[PDB]
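J.: Dropping the structure in here first, questions after.
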Amino acid sequence: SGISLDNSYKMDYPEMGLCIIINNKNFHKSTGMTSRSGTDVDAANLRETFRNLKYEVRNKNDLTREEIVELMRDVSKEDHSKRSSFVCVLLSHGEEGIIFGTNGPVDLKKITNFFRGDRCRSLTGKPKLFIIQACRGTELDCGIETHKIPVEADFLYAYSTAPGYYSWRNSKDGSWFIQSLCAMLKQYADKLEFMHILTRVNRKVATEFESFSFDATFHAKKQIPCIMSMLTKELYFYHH
Amino acid sequence: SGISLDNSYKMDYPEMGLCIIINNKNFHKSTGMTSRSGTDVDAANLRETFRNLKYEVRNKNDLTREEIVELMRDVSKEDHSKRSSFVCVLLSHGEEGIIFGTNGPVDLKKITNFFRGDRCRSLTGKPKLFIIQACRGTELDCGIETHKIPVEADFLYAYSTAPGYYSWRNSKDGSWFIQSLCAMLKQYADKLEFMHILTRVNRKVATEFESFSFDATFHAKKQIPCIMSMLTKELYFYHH
Amino acid sequence: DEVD
Amino acid sequence: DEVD
């Protein structure tokens with residue numbers, strides 16, 4: 001055949017892959033963690049958005065830390081040979097490096113390690129996308145008026161917020177990041193490469209949202225998401 | 001005029017901006033840090049690469065922690081009104097969140113905070129690029145055979161390695177990441193958006209390099225860089 | 001608006 | 001090859 005280029009992930013396997021959505025709304029009383037009003041809006045929006053991208057969506061609600069680890073282990077042991085990619089969305093409380101089960105924390109590294117290139121061989125060389133709506137600390141942004149491969153290769157972490165910062169969720173509309181991510185995927189997934197979609201998400205979150213609070217400490221605050229890419233190729237949700 | 005789009009940073013200011021290269025090769029004896037053979041190759045390659053992109057390059061060598069902080073403070077207080085962007089390259093020892101002056105560590109957050117949207121007003125809304133060749137810990141990758149804006153918006157951190165991992169430097173050829181970054185900028189800066197250039201850098205580092213060591217602990221290891229984007233627009237080094 |  |  002003619003000249004070939006290898007700059008984009010092969011996304012024309014028989015299946016796009018799994019989209020695992022972990023939606024933690026209600027936490028065990030002993031943890032002292034508040035319920036996450038608005039997260040069901042996020043979970044429904046993600047289910048519909050990824051359905052239209054032809055992902056096999058599995059929604060899970062209110063999982064303990066043990067259930068999260070077991071679920072991720074089990075999913076990583078499925079045969080993904082016929083799948084182009086893998087997506088996991090985590091909606092919960094968090095801190096830097098941590099997402100909360102309903103009864104306590106899970107290290108994000110423990111979750112993602114199951115999918116390392118050496119530990120999930122049917123995903124080696126395929127994009128592994130972790131979308132994380134959770135706090136990464138307690139900082140607030142005041143804003144300003146205007147051949148081997150590495151085992152860590154081929155992961156993308158689409159964080160809702162900058163390292164060290166709270167992440168904002170509206171109890172009626174859903175989280176700022178997930179609202180914006182779904183809108184940009186709906187508008188651009190048939191048009192733009194994934195990093196360019198996520199850059200539009202960054203702009204939407206940064207420009208269109210600002211917190212309103214009766215508490216001066218939490219009022220008029222801003223958010224920038226954080227794209228963390230270890231991908232080695234361009235990612236388009238469509239194929240030719 | 002006709003319909004307008006606002007998806008890319010304005011890069012046609014009179015000047016592209018500064019490119020500050022901090023090249024720390026020799027460390028004070030009392031720190032116990034080894035000299036970084038090969039880093040002058042990196043510094044020269046970066047100077048030439050950014051010169052061809054029309055950046056005003058300033059190379060600085062063997063700076064103490066106090067000198068790094070003073071330099072960054074002073075640069076952040078210049079008038080960048082006529083400049084499209086800002087670039088800082090850090091070549092040193094490091095750990096997670098830290099780069100070393102010749103006499104001790106500097107918090108990366110302290111460096112980057114000088115350029116926050118509220119603290120460097122002549123860079124507000126302009127891309128601020130931090131390119132970091134330094135360790136982020138001591139993990140080794142064994143590989144596998146195959147209107148307000150947020151004050152943290154508009155930063156891009158192009159890390160040489162994944163969080164928690166060592167970063168590899170060849171004493172003859174320069175660091176894997178900087179070698180690859182300069183090659184991809186030379187080849188693609190007139191053709192591709194910056195995230196797509198950095199994705200090619202990820203692939204080059206991931207596929208073309210593997211460590212050789214007489215010490216089994218350090219032998220046959222791999223590296224994936226880590227693109228951390230808080231940018232809100234596409235970034236092209238050329239303009240129309 | 002609430003934080004996570 | 002050396003580490004940083």
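Ordering of the structure tokens sets the chain letters (A, B, ...), residue numbers begin anew at 1 in every chain, and ligands are numbered from 1 in the order given.
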Can you list, as a PDB file with N, CA and C atoms, in the first residue's frame, every protein, DNA or RNA residue that comes within 9 Å of residue D:3 when you count only C-alpha atoms, leaving out same-chain residues fewer than 3 positions away?

T.:
```pdb
ATOM      1  N   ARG B  36      25.766  16.786  37.073  1.00  0.00           N
ATOM      2  CA  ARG B  36      24.801  16.298  36.083  1.00  0.00           C
ATOM      3  C   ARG B  36      25.402  16.314  34.675  1.00  0.00           C
ATOM      4  N   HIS B  93      18.683  18.374  39.598  1.00  0.00           N
ATOM      5  CA  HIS B  93      18.114  17.346  40.445  1.00  0.00           C
ATOM      6  C   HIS B  93      16.742  17.781  40.948  1.00  0.00           C
ATOM      7  N   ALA B 134      14.055  16.861  35.652  1.00  0.00           N
ATOM      8  CA  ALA B 134      14.452  16.599  37.030  1.00  0.00           C
ATOM      9  C   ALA B 134      13.701  15.368  37.505  1.00  0.00           C
ATOM     10  N   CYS B 135      14.284  14.664  38.468  1.00  0.00           N
ATOM     11  CA  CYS B 135      13.582  13.534  39.055  1.00  0.00           C
ATOM     12  C   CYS B 135      12.351  13.995  39.827  1.00  0.00           C
ATOM     13  N   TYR B 166      12.121   8.487  38.807  1.00  0.00           N
ATOM     14  CA  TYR B 166      13.370   9.065  38.349  1.00  0.00           C
ATOM     15  C   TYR B 166      13.205   9.550  36.911  1.00  0.00           C
ATOM     16  N   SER B 167      14.093  10.452  36.509  1.00  0.00           N
ATOM     17  CA  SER B 167      14.207  10.909  35.133  1.00  0.00           C
ATOM     18  C   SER B 167      15.620  10.615  34.657  1.00  0.00           C
ATOM     19  N   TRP B 168      15.743  10.176  33.413  1.00  0.00           N
ATOM     20  CA  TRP B 168      17.003   9.666  32.875  1.00  0.00           C
ATOM     21  C   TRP B 168      17.743  10.706  32.036  1.00  0.00           C
ATOM     22  N   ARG B 169      19.054  10.798  32.266  1.00  0.00           N
ATOM     23  CA  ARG B 169      19.954  11.709  31.561  1.00  0.00           C
ATOM     24  C   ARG B 169      21.176  10.931  31.099  1.00  0.00           C
ATOM     25  N   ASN B 170      21.524  11.067  29.822  1.00  0.00           N
ATOM     26  CA  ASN B 170      22.714  10.424  29.287  1.00  0.00           C
ATOM     27  C   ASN B 170      23.869  11.417  29.307  1.00  0.00           C
TER      28      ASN B 170
END
```

J.: For the helix (DSSP H, G or I) assignment from backbone DSSP, which residues of stretch 41-211 of chain B qualify? Please present them as a PyMOL selection string.

T.: chain B and resi 41-52+65-76+108-113+121-123+176-188+194-208

J.: If the cut-off is 9 Å, can you tell me the residues of chain B near chain A, counting only C-alpha atoms? I'd like them as a PDB file with N, CA and C atoms, in the first residue's frame.

T.:
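Result file iface10.pdb:
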```
ATOM      1  N   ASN B   7     -10.008  30.170  19.485  1.00  0.00           N
ATOM      2  CA  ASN B   7      -9.606  28.884  20.044  1.00  0.00           C
ATOM      3  C   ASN B   7      -8.108  28.758  20.300  1.00  0.00           C
ATOM      4  N   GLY B 117      -1.914  34.473  37.479  1.00  0.00           N
ATOM      5  CA  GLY B 117      -2.649  35.499  36.756  1.00  0.00           C
ATOM      6  C   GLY B 117      -2.851  36.792  37.531  1.00  0.00           C
ATOM      7  N   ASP B 118      -2.928  36.715  38.860  1.00  0.00           N
ATOM      8  CA  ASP B 118      -3.084  37.926  39.657  1.00  0.00           C
ATOM      9  C   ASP B 118      -1.759  38.573  40.054  1.00  0.00           C
ATOM     10  N   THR B 124      -1.144  37.774  32.267  1.00  0.00           N
ATOM     11  CA  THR B 124      -2.489  37.229  32.431  1.00  0.00           C
ATOM     12  C   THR B 124      -3.073  36.896  31.066  1.00  0.00           C
ATOM     13  N   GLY B 125      -3.662  35.706  30.951  1.00  0.00           N
ATOM     14  CA  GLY B 125      -4.241  35.260  29.701  1.00  0.00           C
ATOM     15  C   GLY B 125      -3.253  34.732  28.683  1.00  0.00           C
ATOM     16  N   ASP B 141      10.674   2.518  36.028  1.00  0.00           N
ATOM     17  CA  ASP B 141       9.660   1.877  35.193  1.00  0.00           C
ATOM     18  C   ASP B 141      10.324   0.693  34.491  1.00  0.00           C
ATOM     19  N   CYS B 142       9.888  -0.528  34.833  1.00  0.00           N
ATOM     20  CA  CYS B 142      10.487  -1.735  34.269  1.00  0.00           C
ATOM     21  C   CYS B 142      10.074  -1.971  32.823  1.00  0.00           C
ATOM     22  N   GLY B 143       9.035  -1.292  32.352  1.00  0.00           N
ATOM     23  CA  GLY B 143       8.560  -1.486  30.997  1.00  0.00           C
ATOM     24  C   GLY B 143       7.879  -2.818  30.763  1.00  0.00           C
ATOM     25  N   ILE B 144       7.320  -2.976  29.568  1.00  0.00           N
ATOM     26  CA  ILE B 144       6.697  -4.224  29.145  1.00  0.00           C
ATOM     27  C   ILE B 144       7.000  -4.413  27.666  1.00  0.00           C
ATOM     28  N   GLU B 145       7.426  -5.617  27.298  1.00  0.00           N
ATOM     29  CA  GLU B 145       7.678  -5.906  25.897  1.00  0.00           C
ATOM     30  C   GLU B 145       6.364  -5.866  25.128  1.00  0.00           C
ATOM     31  N   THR B 146       6.412  -5.319  23.918  1.00  0.00           N
ATOM     32  CA  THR B 146       5.215  -5.225  23.086  1.00  0.00           C
ATOM     33  C   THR B 146       5.274  -6.237  21.947  1.00  0.00           C
ATOM     34  N   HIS B 147     -15.890  39.400  34.450  1.00  0.00           N
ATOM     35  CA  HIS B 147     -15.253  38.130  34.132  1.00  0.00           C
ATOM     36  C   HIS B 147     -13.910  38.003  34.854  1.00  0.00           C
ATOM     37  N   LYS B 148     -13.739  36.900  35.577  1.00  0.00           N
ATOM     38  CA  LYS B 148     -12.450  36.505  36.119  1.00  0.00           C
ATOM     39  C   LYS B 148     -11.983  35.215  35.459  1.00  0.00           C
ATOM     40  N   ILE B 149     -10.674  34.996  35.490  1.00  0.00           N
ATOM     41  CA  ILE B 149     -10.119  33.680  35.181  1.00  0.00           C
ATOM     42  C   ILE B 149      -9.411  33.168  36.425  1.00  0.00           C
ATOM     43  N   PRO B 150      -9.227  31.857  36.533  1.00  0.00           N
ATOM     44  CA  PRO B 150      -8.459  31.320  37.659  1.00  0.00           C
ATOM     45  C   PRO B 150      -7.011  31.795  37.612  1.00  0.00           C
ATOM     46  N   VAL B 151      -6.430  32.023  38.794  1.00  0.00           N
ATOM     47  CA  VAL B 151      -5.035  32.455  38.853  1.00  0.00           C
ATOM     48  C   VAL B 151      -4.090  31.348  38.414  1.00  0.00           C
ATOM     49  N   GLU B 152      -4.541  30.091  38.427  1.00  0.00           N
ATOM     50  CA  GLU B 152      -3.719  28.970  37.984  1.00  0.00           C
ATOM     51  C   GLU B 152      -3.947  28.617  36.520  1.00  0.00           C
ATOM     52  N   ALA B 153      -4.838  29.326  35.831  1.00  0.00           N
ATOM     53  CA  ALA B 153      -5.076  29.057  34.422  1.00  0.00           C
ATOM     54  C   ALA B 153      -3.886  29.502  33.570  1.00  0.00           C
ATOM     55  N   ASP B 154      -3.748  28.867  32.405  1.00  0.00           N
ATOM     56  CA  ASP B 154      -2.793  29.241  31.362  1.00  0.00           C
ATOM     57  C   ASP B 154      -1.356  28.862  31.696  1.00  0.00           C
ATOM     58  N   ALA B 162       6.996  10.705  34.767  1.00  0.00           N
ATOM     59  CA  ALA B 162       5.769  10.505  35.530  1.00  0.00           C
ATOM     60  C   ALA B 162       5.968  10.854  37.008  1.00  0.00           C
ATOM     61  N   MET B 195       0.317  20.637  22.225  1.00  0.00           N
ATOM     62  CA  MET B 195       0.008  19.370  22.887  1.00  0.00           C
ATOM     63  C   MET B 195       0.312  18.190  21.985  1.00  0.00           C
ATOM     64  N   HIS B 196       0.117  18.359  20.678  1.00  0.00           N
ATOM     65  CA  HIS B 196       0.429  17.286  19.742  1.00  0.00           C
ATOM     66  C   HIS B 196       1.936  17.095  19.583  1.00  0.00           C
ATOM     67  N   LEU B 198       4.026  17.654  22.080  1.00  0.00           N
ATOM     68  CA  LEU B 198       4.434  16.996  23.320  1.00  0.00           C
ATOM     69  C   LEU B 198       4.015  15.529  23.341  1.00  0.00           C
ATOM     70  N   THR B 199       2.922  15.185  22.653  1.00  0.00           N
ATOM     71  CA  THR B 199       2.539  13.781  22.547  1.00  0.00           C
ATOM     72  C   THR B 199       3.557  12.999  21.721  1.00  0.00           C
ATOM     73  N   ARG B 200       4.081  13.605  20.644  1.00  0.00           N
ATOM     74  CA  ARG B 200       5.167  12.967  19.901  1.00  0.00           C
ATOM     75  C   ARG B 200       6.410  12.817  20.769  1.00  0.00           C
ATOM     76  N   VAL B 201       6.676  13.796  21.640  1.00  0.00           N
ATOM     77  CA  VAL B 201       7.779  13.662  22.592  1.00  0.00           C
ATOM     78  C   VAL B 201       7.545  12.472  23.517  1.00  0.00           C
ATOM     79  N   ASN B 202       6.324  12.347  24.055  1.00  0.00           N
ATOM     80  CA  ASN B 202       5.998  11.182  24.879  1.00  0.00           C
ATOM     81  C   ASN B 202       6.313   9.878  24.146  1.00  0.00           C
ATOM     82  N   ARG B 203       5.879   9.768  22.886  1.00  0.00           N
ATOM     83  CA  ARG B 203       6.115   8.538  22.133  1.00  0.00           C
ATOM     84  C   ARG B 203       7.601   8.287  21.909  1.00  0.00           C
ATOM     85  N   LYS B 204       8.357   9.335  21.562  1.00  0.00           N
ATOM     86  CA  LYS B 204       9.785   9.170  21.301  1.00  0.00           C
ATOM     87  C   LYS B 204      10.512   8.693  22.550  1.00  0.00           C
ATOM     88  N   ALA B 206       9.200   7.188  25.164  1.00  0.00           N
ATOM     89  CA  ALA B 206       8.696   5.878  25.555  1.00  0.00           C
ATOM     90  C   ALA B 206       9.244   4.754  24.688  1.00  0.00           C
ATOM     91  N   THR B 207       9.473   5.008  23.403  1.00  0.00           N
ATOM     92  CA  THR B 207       9.820   3.923  22.491  1.00  0.00           C
ATOM     93  C   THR B 207      11.303   3.828  22.176  1.00  0.00           C
ATOM     94  N   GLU B 208      12.025   4.940  22.117  1.00  0.00           N
ATOM     95  CA  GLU B 208      13.383   4.923  21.582  1.00  0.00           C
ATOM     96  C   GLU B 208      14.474   4.838  22.642  1.00  0.00           C
ATOM     97  N   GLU B 210      16.019   3.236  26.439  1.00  0.00           N
ATOM     98  CA  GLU B 210      15.987   2.247  27.504  1.00  0.00           C
ATOM     99  C   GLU B 210      17.344   2.301  28.189  1.00  0.00           C
ATOM    100  N   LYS B 221      15.531   0.062  32.073  1.00  0.00           N
ATOM    101  CA  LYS B 221      14.389   0.826  32.547  1.00  0.00           C
ATOM    102  C   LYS B 221      13.916   1.806  31.486  1.00  0.00           C
ATOM    103  N   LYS B 222      12.662   2.224  31.635  1.00  0.00           N
ATOM    104  CA  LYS B 222      11.926   3.007  30.652  1.00  0.00           C
ATOM    105  C   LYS B 222      11.403   4.289  31.289  1.00  0.00           C
ATOM    106  N   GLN B 223      10.924   5.213  30.457  1.00  0.00           N
ATOM    107  CA  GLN B 223      10.446   6.490  30.968  1.00  0.00           C
ATOM    108  C   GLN B 223       9.300   6.969  30.096  1.00  0.00           C
ATOM    109  N   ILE B 224       8.272   7.534  30.728  1.00  0.00           N
ATOM    110  CA  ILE B 224       7.211   8.252  30.037  1.00  0.00           C
ATOM    111  C   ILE B 224       7.155   9.667  30.616  1.00  0.00           C
ATOM    112  N   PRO B 225       7.213  10.706  29.794  1.00  0.00           N
ATOM    113  CA  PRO B 225       7.024  12.068  30.308  1.00  0.00           C
ATOM    114  C   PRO B 225       5.564  12.301  30.661  1.00  0.00           C
ATOM    115  N   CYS B 226       5.315  13.458  31.255  1.00  0.00           N
ATOM    116  CA  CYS B 226       3.994  13.753  31.802  1.00  0.00           C
ATOM    117  C   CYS B 226       3.628  15.185  31.443  1.00  0.00           C
ATOM    118  N   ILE B 227       2.644  15.339  30.563  1.00  0.00           N
ATOM    119  CA  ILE B 227       2.154  16.651  30.148  1.00  0.00           C
ATOM    120  C   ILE B 227       1.068  17.065  31.122  1.00  0.00           C
ATOM    121  N   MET B 228       1.250  18.183  31.799  1.00  0.00           N
ATOM    122  CA  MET B 228       0.253  18.680  32.741  1.00  0.00           C
ATOM    123  C   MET B 228      -0.243  20.035  32.252  1.00  0.00           C
ATOM    124  N   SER B 229      -1.423  20.053  31.645  1.00  0.00           N
ATOM    125  CA  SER B 229      -1.929  21.261  31.006  1.00  0.00           C
ATOM    126  C   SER B 229      -3.091  21.900  31.758  1.00  0.00           C
ATOM    127  N   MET B 230      -2.878  23.149  32.154  1.00  0.00           N
ATOM    128  CA  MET B 230      -3.915  24.070  32.606  1.00  0.00           C
ATOM    129  C   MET B 230      -4.166  25.149  31.568  1.00  0.00           C
ATOM    130  N   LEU B 231      -3.794  24.895  30.320  1.00  0.00           N
ATOM    131  CA  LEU B 231      -4.019  25.867  29.262  1.00  0.00           C
ATOM    132  C   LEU B 231      -5.498  25.925  28.906  1.00  0.00           C
ATOM    133  N   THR B 232      -5.928  27.077  28.399  1.00  0.00           N
ATOM    134  CA  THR B 232      -7.319  27.280  28.008  1.00  0.00           C
ATOM    135  C   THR B 232      -7.501  27.440  26.505  1.00  0.00           C
ATOM    136  N   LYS B 233      -6.415  27.449  25.726  1.00  0.00           N
ATOM    137  CA  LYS B 233      -6.488  27.574  24.278  1.00  0.00           C
ATOM    138  C   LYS B 233      -5.411  26.697  23.656  1.00  0.00           C
ATOM    139  N   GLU B 234      -5.554  26.455  22.358  1.00  0.00           N
ATOM    140  CA  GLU B 234      -4.513  25.811  21.574  1.00  0.00           C
ATOM    141  C   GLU B 234      -3.318  26.743  21.437  1.00  0.00           C
TER     142      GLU B 234
END
```

J.: Between A:22, A:235, A:5, A:33, which one has atoms that come closest to residue C:4, using only C-alpha atoms?

T.: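 Among the listed residues, the smallest separation from residue C:4 belongs to A:33.
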
J.: For atom CA of residue B:130 and atom CA of residue B:23, quote the distance in Å rounded to one decimal.

T.: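 Atom CA of residue B:23 lies at a distance of 13.7 Å from atom CA of residue B:130.
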
J.: What gap, in Å, lies between atom CA of residue A:104 and atom CA of residue A:66?

T.: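 Atom CA of residue A:104 sits 9.1 Å away from atom CA of residue A:66.
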
J.: Can you tell me which residues surround residue D:1 at a distance of at most 10 Å, considering only C-alpha atoms, apart from same-chain residues fewer than 6 positions away, and format the answer as a PyMOL selection string?

T.: chain B and resi 37-38+168-176+210-213+218-219

J.: The selected residues should be written to file as a PDB file, in the first residue's frame (atoms: N, CA, C and O atoms).

T.:
```
ATOM      1  N   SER B  37      26.329  15.383  34.453  1.00  0.00           N
ATOM      2  CA  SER B  37      26.981  15.260  33.153  1.00  0.00           C
ATOM      3  C   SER B  37      25.956  15.097  32.035  1.00  0.00           C
ATOM      4  O   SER B  37      25.029  14.289  32.134  1.00  0.00           O
ATOM      5  N   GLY B  38      26.151  15.846  30.950  1.00  0.00           N
ATOM      6  CA  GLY B  38      25.231  15.870  29.837  1.00  0.00           C
ATOM      7  C   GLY B  38      24.293  17.058  29.828  1.00  0.00           C
ATOM      8  O   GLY B  38      23.672  17.332  28.794  1.00  0.00           O
ATOM      9  N   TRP B 168      15.743  10.176  33.413  1.00  0.00           N
ATOM     10  CA  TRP B 168      17.003   9.666  32.875  1.00  0.00           C
ATOM     11  C   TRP B 168      17.743  10.706  32.036  1.00  0.00           C
ATOM     12  O   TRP B 168      17.159  11.375  31.177  1.00  0.00           O
ATOM     13  N   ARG B 169      19.054  10.798  32.266  1.00  0.00           N
ATOM     14  CA  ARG B 169      19.954  11.709  31.561  1.00  0.00           C
ATOM     15  C   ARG B 169      21.176  10.931  31.099  1.00  0.00           C
ATOM     16  O   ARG B 169      21.809  10.234  31.901  1.00  0.00           O
ATOM     17  N   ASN B 170      21.524  11.067  29.822  1.00  0.00           N
ATOM     18  CA  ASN B 170      22.714  10.424  29.287  1.00  0.00           C
ATOM     19  C   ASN B 170      23.869  11.417  29.307  1.00  0.00           C
ATOM     20  O   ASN B 170      23.725  12.555  28.850  1.00  0.00           O
ATOM     21  N   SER B 171      25.011  10.984  29.850  1.00  0.00           N
ATOM     22  CA  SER B 171      26.137  11.890  30.065  1.00  0.00           C
ATOM     23  C   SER B 171      26.759  12.378  28.763  1.00  0.00           C
ATOM     24  O   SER B 171      27.398  13.434  28.756  1.00  0.00           O
ATOM     25  N   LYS B 172      26.584  11.645  27.670  1.00  0.00           N
ATOM     26  CA  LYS B 172      27.086  12.041  26.365  1.00  0.00           C
ATOM     27  C   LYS B 172      26.046  12.772  25.526  1.00  0.00           C
ATOM     28  O   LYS B 172      26.363  13.786  24.900  1.00  0.00           O
ATOM     29  N   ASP B 173      24.800  12.295  25.520  1.00  0.00           N
ATOM     30  CA  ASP B 173      23.785  12.751  24.582  1.00  0.00           C
ATOM     31  C   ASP B 173      22.828  13.784  25.169  1.00  0.00           C
ATOM     32  O   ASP B 173      22.069  14.395  24.412  1.00  0.00           O
ATOM     33  N   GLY B 174      22.834  13.987  26.481  1.00  0.00           N
ATOM     34  CA  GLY B 174      21.806  14.784  27.125  1.00  0.00           C
ATOM     35  C   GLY B 174      20.653  13.941  27.636  1.00  0.00           C
ATOM     36  O   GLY B 174      20.622  12.711  27.524  1.00  0.00           O
ATOM     37  N   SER B 175      19.685  14.616  28.247  1.00  0.00           N
ATOM     38  CA  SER B 175      18.569  13.873  28.825  1.00  0.00           C
ATOM     39  C   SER B 175      17.648  13.342  27.727  1.00  0.00           C
ATOM     40  O   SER B 175      17.524  13.921  26.645  1.00  0.00           O
ATOM     41  N   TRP B 176      17.010  12.207  28.012  1.00  0.00           N
ATOM     42  CA  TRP B 176      16.102  11.612  27.037  1.00  0.00           C
ATOM     43  C   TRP B 176      15.000  12.592  26.662  1.00  0.00           C
ATOM     44  O   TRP B 176      14.675  12.765  25.481  1.00  0.00           O
ATOM     45  N   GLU B 210      16.019   3.236  26.439  1.00  0.00           N
ATOM     46  CA  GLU B 210      15.987   2.247  27.504  1.00  0.00           C
ATOM     47  C   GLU B 210      17.344   2.301  28.189  1.00  0.00           C
ATOM     48  O   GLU B 210      18.374   2.407  27.517  1.00  0.00           O
ATOM     49  N   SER B 211      17.352   2.270  29.520  1.00  0.00           N
ATOM     50  CA  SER B 211      18.617   2.450  30.225  1.00  0.00           C
ATOM     51  C   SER B 211      19.521   1.227  30.086  1.00  0.00           C
ATOM     52  O   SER B 211      19.067   0.085  29.990  1.00  0.00           O
ATOM     53  N   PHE B 212      20.820   1.495  30.071  1.00  0.00           N
ATOM     54  CA  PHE B 212      21.847   0.463  30.127  1.00  0.00           C
ATOM     55  C   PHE B 212      22.689   0.721  31.369  1.00  0.00           C
ATOM     56  O   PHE B 212      23.262   1.803  31.518  1.00  0.00           O
ATOM     57  N   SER B 213      22.757  -0.265  32.263  1.00  0.00           N
ATOM     58  CA  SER B 213      23.520  -0.110  33.492  1.00  0.00           C
ATOM     59  C   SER B 213      24.166  -1.428  33.879  1.00  0.00           C
ATOM     60  O   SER B 213      23.575  -2.492  33.701  1.00  0.00           O
ATOM     61  N   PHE B 218      19.178  -0.654  38.065  1.00  0.00           N
ATOM     62  CA  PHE B 218      18.983   0.485  37.189  1.00  0.00           C
ATOM     63  C   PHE B 218      18.993   0.120  35.719  1.00  0.00           C
ATOM     64  O   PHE B 218      18.930   1.022  34.876  1.00  0.00           O
ATOM     65  N   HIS B 219      19.075  -1.163  35.389  1.00  0.00           N
ATOM     66  CA  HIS B 219      19.242  -1.589  34.010  1.00  0.00           C
ATOM     67  C   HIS B 219      17.902  -1.880  33.339  1.00  0.00           C
ATOM     68  O   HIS B 219      16.975  -2.391  33.970  1.00  0.00           O
TER      69      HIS B 219
END
```

J.: Please provide as number ranges by chain all residues within 7 Å of stretch 46-59 of chain B, with the sequence filter that same-chain residues fewer than 2 positions apart are discarded (counting only C-alpha atoms).

T.: B: 16-22, 42-44, 61, 182, 186, 237

J.: May I have the residues from that selection written out with N, CA and C atoms, as a PDB file, in the first residue's frame?

T.:
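Generated file (result-v2.pdb):
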```pdb
ATOM      1  N   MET B  16       7.862  36.938  20.946  1.00  0.00           N
ATOM      2  CA  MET B  16       7.370  35.658  21.444  1.00  0.00           C
ATOM      3  C   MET B  16       7.428  35.598  22.962  1.00  0.00           C
ATOM      4  N   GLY B  17       8.488  36.138  23.555  1.00  0.00           N
ATOM      5  CA  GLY B  17       8.658  36.173  24.992  1.00  0.00           C
ATOM      6  C   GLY B  17      10.016  35.655  25.408  1.00  0.00           C
ATOM      7  N   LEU B  18      10.212  35.615  26.719  1.00  0.00           N
ATOM      8  CA  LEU B  18      11.449  35.109  27.289  1.00  0.00           C
ATOM      9  C   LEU B  18      11.444  33.589  27.364  1.00  0.00           C
ATOM     10  N   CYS B  19      12.635  33.011  27.225  1.00  0.00           N
ATOM     11  CA  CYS B  19      12.877  31.605  27.528  1.00  0.00           C
ATOM     12  C   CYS B  19      14.030  31.575  28.522  1.00  0.00           C
ATOM     13  N   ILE B  20      13.721  31.351  29.793  1.00  0.00           N
ATOM     14  CA  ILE B  20      14.721  31.299  30.860  1.00  0.00           C
ATOM     15  C   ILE B  20      15.152  29.851  31.038  1.00  0.00           C
ATOM     16  N   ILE B  21      16.431  29.563  30.839  1.00  0.00           N
ATOM     17  CA  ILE B  21      16.963  28.210  30.999  1.00  0.00           C
ATOM     18  C   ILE B  21      17.854  28.199  32.231  1.00  0.00           C
ATOM     19  N   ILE B  22      17.465  27.462  33.261  1.00  0.00           N
ATOM     20  CA  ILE B  22      18.280  27.311  34.459  1.00  0.00           C
ATOM     21  C   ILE B  22      18.955  25.950  34.385  1.00  0.00           C
ATOM     22  N   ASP B  42      21.996  19.513  26.849  1.00  0.00           N
ATOM     23  CA  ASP B  42      20.594  19.932  26.923  1.00  0.00           C
ATOM     24  C   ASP B  42      20.465  21.447  26.835  1.00  0.00           C
ATOM     25  N   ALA B  43      21.288  22.176  27.605  1.00  0.00           N
ATOM     26  CA  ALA B  43      21.132  23.626  27.657  1.00  0.00           C
ATOM     27  C   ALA B  43      21.423  24.260  26.304  1.00  0.00           C
ATOM     28  N   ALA B  44      22.440  23.751  25.601  1.00  0.00           N
ATOM     29  CA  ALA B  44      22.761  24.275  24.279  1.00  0.00           C
ATOM     30  C   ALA B  44      21.671  23.934  23.275  1.00  0.00           C
ATOM     31  N   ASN B  61      23.473  29.439  34.730  1.00  0.00           N
ATOM     32  CA  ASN B  61      24.169  28.222  35.117  1.00  0.00           C
ATOM     33  C   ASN B  61      24.452  28.213  36.611  1.00  0.00           C
ATOM     34  N   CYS B 182      13.525  18.823  21.929  1.00  0.00           N
ATOM     35  CA  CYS B 182      14.136  19.699  20.938  1.00  0.00           C
ATOM     36  C   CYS B 182      13.960  19.144  19.535  1.00  0.00           C
ATOM     37  N   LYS B 186      11.931  21.136  16.648  1.00  0.00           N
ATOM     38  CA  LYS B 186      12.576  21.435  15.374  1.00  0.00           C
ATOM     39  C   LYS B 186      11.758  20.902  14.205  1.00  0.00           C
ATOM     40  N   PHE B 237       3.256  27.795  17.781  1.00  0.00           N
ATOM     41  CA  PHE B 237       4.400  28.699  17.850  1.00  0.00           C
ATOM     42  C   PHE B 237       4.456  29.651  16.664  1.00  0.00           C
TER      43      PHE B 237
END
```

J.: What gap, in Å, lies between atom CA of residue A:131 and atom CA of residue A:160?

T.: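 About the pair atom CA of residue A:131 and atom CA of residue A:160: they are 7.8 Å apart.
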
J.: As a ChimeraX atom specification, please: every residue in stretch 25-160 of chain A that DSSP puts in strand (DSSP E or B).

T.: /A:56-61,83-91,94-95,98-101,104-107,128-133,139,141,144-145,148-149,155-159
